[PDB]
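Quick note on labels: first sequence line is chain A, next is B, and so on, each numbered from 1. Side chains are part of it too, since the values below use all heavy atoms of this structure and drop only hydrogens, waters and symmetry mates.
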Amino acid sequence: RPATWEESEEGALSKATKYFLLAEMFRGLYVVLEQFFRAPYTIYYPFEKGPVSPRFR
Amino acid sequence: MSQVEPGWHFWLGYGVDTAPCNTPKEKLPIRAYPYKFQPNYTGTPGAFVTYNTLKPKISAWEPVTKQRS
């Protein structure tokens with residue numbers, strides 16, 4: 001059955017803090033920022049080539 | 001990238017672990033003709049001009065005349 005606002009295992013003030021302070025949104029911002037400090041995948045093409053196989057057509 | 005000789009075009013590309021510098025003598029191709037490396041010449045006078053390797057299928061008559069004797 002759907003769950004009403006009663007039968008809630010989360011207080012109103014706590015979910016209001018998550019509402020006003022944008023919790024998941026800051027978490028997404030941080031997950032994007034973690035990539036800022038990771039190695040870029042980019043290969044400089046005219047000077048470095050990509051993967052080729054014997055079967056290539 | 002057309003200026004990269006073959007063999008290196010494969011080594012550069014992670015196809016073979018051994019360069020054509022360090023390849024054995026037996027894996028190298030045998031050539032009875034001189035090797036000429038020519039890169040892509042597009043945008044230049046050296047661009048490839050395609051043509052028909054054949055001649056016309058129907059050969060015409062070269063007219064020759066005879067007199068009424």
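In the displayed structure, A/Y44 atom OH is contacted under 6.0 Å by at most 12 heavy atoms of other residues, nucleotides or ligands. Around CD of A/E34, the count of heavy atoms belonging to other residues, nucleotides or ligands within 6.0 Å exceeds 12. The neighbour count for B/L54 CG, taken as heavy atoms of other residues, nucleotides or ligands under 6.0 Å away, is above 12. More than 12 heavy atoms of other shown residues, nucleotides or ligands fall within 6.0 angstrom of atom CD in A/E48.
In plain terms, the two heavy atoms of B/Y14 and A/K49 that are nearest each other are CE1-O, 3.8 Å. Across every non-hydrogen atom of B/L12 and A/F47, the tightest pair is CD1-O, 4.3 Å.
With a 4.5 Å cut-off on non-hydrogen atoms, A/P54 touches chain B through its backbone and its side chain both.
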